[PDB]
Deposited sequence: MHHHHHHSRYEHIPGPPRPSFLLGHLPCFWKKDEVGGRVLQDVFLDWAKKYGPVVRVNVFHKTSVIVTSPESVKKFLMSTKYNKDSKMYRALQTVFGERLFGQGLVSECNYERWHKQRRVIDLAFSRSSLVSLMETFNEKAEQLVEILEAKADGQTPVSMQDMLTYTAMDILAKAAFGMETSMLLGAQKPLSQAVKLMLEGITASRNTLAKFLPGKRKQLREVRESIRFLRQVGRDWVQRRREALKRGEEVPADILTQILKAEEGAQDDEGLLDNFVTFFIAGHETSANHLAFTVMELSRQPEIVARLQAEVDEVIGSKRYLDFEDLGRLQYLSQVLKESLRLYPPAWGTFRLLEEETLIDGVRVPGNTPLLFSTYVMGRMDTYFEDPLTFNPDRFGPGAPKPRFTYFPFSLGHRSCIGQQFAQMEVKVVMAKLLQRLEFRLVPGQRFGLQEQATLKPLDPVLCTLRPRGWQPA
C-alpha cells in the first residue's frame, strides 16, 4: 500500500519492460526488482540530483546478491558492494592510486600484447568459413588482460588454459542471476564462489612470498588492494576486493567488446570509416602508443554509441531516506531509487530516433547528453575502472579493425540477455577474412 499511489502497471530483458513503463507512466514508476519494490526515476533532473551528491548513498539491500550468494561470501564489502560512505571512501582513495594517468599509461604494453595475441589467433582462422565465437574470444582476451594488468598473473585463457576457472566464473554469474530471479545448481554455484576466493588466497600468498624473497613486484591494482587492508584483523576484506576486481575488471569490458563487434557486423559504412581511421592513425604499426588512442576520435564515438544502446551495466540504486517529491510524485522514505542508462538511452524524449546507431551523436560539434547517458555511472560512485576499460577496448578494437573483416553468421541474433550484466544473447558467431581479401 505505501507505493500503490505511484504511477505504474496494474532477447528481451526486464530493462525493456521498464523502458515500456517509463514511456507509458512517466519519469517516476513503481517496479519490482531483485524481489524488492523500487522506483525507477528517468528524468535528467533526478539523475543529477541523486547521483551528483554524497548525501545519497547506495541502497545496500539492492547489492545483497553481489555480497553473498547461497550463503557463500562473493564481493562481500569490496569497492562495488560497500554502501557505507566512510568505509567505501577509505578504500576508494587508496585503490585510486592504481588508476592514476601514470599507472594506466604503464598498462599499454599488456593491452597491446594480449590484443596482438588475439588477432594472431583470429587471423589463423580467417578462411571466410570457420565460425568463431567473438563473445568467447573477447572474454578470454579481457580475462587475460585483467589477470596480467591487475594481479601480474598469466591466466592464458587465449591458449585454452584455466578451463575450471572459466567454468567457476560462468556458474558464479548464473548464481547472481538465479539469486535475483536445485541441489546440483546450489552445489555448483557454492563451489565456484569458494574456488574464486581460493584463487585470491593462492595469488595473495604468491605475492607475499615474492615480496619476502625480495623479488621485483611492479605496483598494480593488487598492491593497492593489499595497501587498503594494511593492519586489518584478517584477509576477508582483501579477498572481497580481489574477487571484485577479478570479475568486474573483465566481464563488462568483454560484454562491451562483444556488443560493439555484433552491432558493427550490420554497419558496413561505419566499419569502412573505422578501418580508414586506423589506417591513417597507426598505419602498419604493430603497437598502439598512448598518444595514438586520443587520435582514434571516430572509434571513440562508435564506442560511446555502443554504450548508449548496449550498456553492460544498466544503472545503479540510491537509498531515499526521507519522503521526497520527485517530478510531482510523492516517494516514501526508505525507498530504493533505480537509475537506468539503458532505459534513458532508448527514450525518444532524450535521444532522437533512439534505435538508430549514429556515432555522430558524440561528434565534436554535437551537444553532449546532459544526465541522460551514464554507462560508467556518475558522481562519487562512478566506475573506478572507466579509463582502464576505455583504453583496453580501444586497443583491442583498433587491432581488430587493422587486420580483419567480420561477417556475422546468418541466424545470429542482436538480442540481449541479463546475467549479472547485459550481454549478447548469442555467441556473436562470425566468419573472418584478412583485410585486403
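Please report every deposited-sequence interval that has no C-alpha in the structure, sorted by position.
Absent from the structure are positions 1-7, 18-36, 208-215, 472-474.
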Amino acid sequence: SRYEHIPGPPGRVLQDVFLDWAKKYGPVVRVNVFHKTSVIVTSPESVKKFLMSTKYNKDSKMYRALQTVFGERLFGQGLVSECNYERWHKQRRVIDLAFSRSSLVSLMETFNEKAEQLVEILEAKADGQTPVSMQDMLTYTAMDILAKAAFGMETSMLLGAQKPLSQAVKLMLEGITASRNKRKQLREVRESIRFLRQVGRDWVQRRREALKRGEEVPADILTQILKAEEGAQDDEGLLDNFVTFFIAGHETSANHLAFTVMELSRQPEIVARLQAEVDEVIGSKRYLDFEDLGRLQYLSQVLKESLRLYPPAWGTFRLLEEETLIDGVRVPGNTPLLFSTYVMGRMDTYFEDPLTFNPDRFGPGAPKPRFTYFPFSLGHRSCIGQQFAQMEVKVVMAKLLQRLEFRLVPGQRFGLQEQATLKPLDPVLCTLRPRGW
From here on, numbers count along this sequence of modelled residues.
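For the two forms, the rigid core is made up of the largest set of C-alpha atoms that agree within 1.5 Å on superposition.
Positional deviation of Cα atoms in 9 other deposited structures of this protein after core superposition, greater for 385-393 or 25-33:
Output: 25-33, the stretch lying farther off on average in 9 other deposited structures of this protein.
Once the rigid core is matched, which of the two stretches, 127-135 or 212-220, lies farther off on average in 9 other deposited structures of this protein by C-alpha?
Output: 212-220, the stretch lying farther off on average in 9 other deposited structures of this protein.
Out of 390-398 and 47-55, which one has CA B-factors that are higher on average in the deposited record?
If you average the C-alpha B-factors of 390-398 and of 47-55, the larger mean comes out for 47-55.
Do the CA atoms of 417-425 or those of 11-19 have the higher mean B-factor in the entry?
Of 11-19 and 417-425, the stretch with the higher C-alpha B-factor average is 11-19.
C-alpha B-factor winner, where the candidates are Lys285, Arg92, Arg308, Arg361
Answer for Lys285, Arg92, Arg308, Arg361: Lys285, with the highest C-alpha B-factor.
Between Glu229, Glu251, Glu116, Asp144, which one tops the list for Cα B-factor in this entry?
Checking the PDB record, the top C-alpha B-factor among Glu229, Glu251, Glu116, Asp144 is at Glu229.
Ranking every modelled residue in this chain by its Cα temperature factor as given in the entry, which third contains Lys304?
Its C-alpha B-factor belongs to the lowest third of this chain's values.
Give the position of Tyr373 by CA B-factor within its chain, expressed as the lowest, middle or highest third.
CA B-factor rank for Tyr373: lowest third.
Which third, lowest, middle or highest, does the CA B-factor of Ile326 fall in along this chain?
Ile326: CA B-factor falls in the middle third of its chain.
Could you tell me which third, lowest, middle or highest, the C-alpha B-factor of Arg407 occupies within its chain?
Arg407: CA B-factor falls in the middle third of its chain.
If you rank the chain by CA B-factor, which third does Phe151 end up in: lowest, middle or highest?
Within its chain, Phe151 is a middle-third residue by C-alpha B-factor, going by the deposited values.
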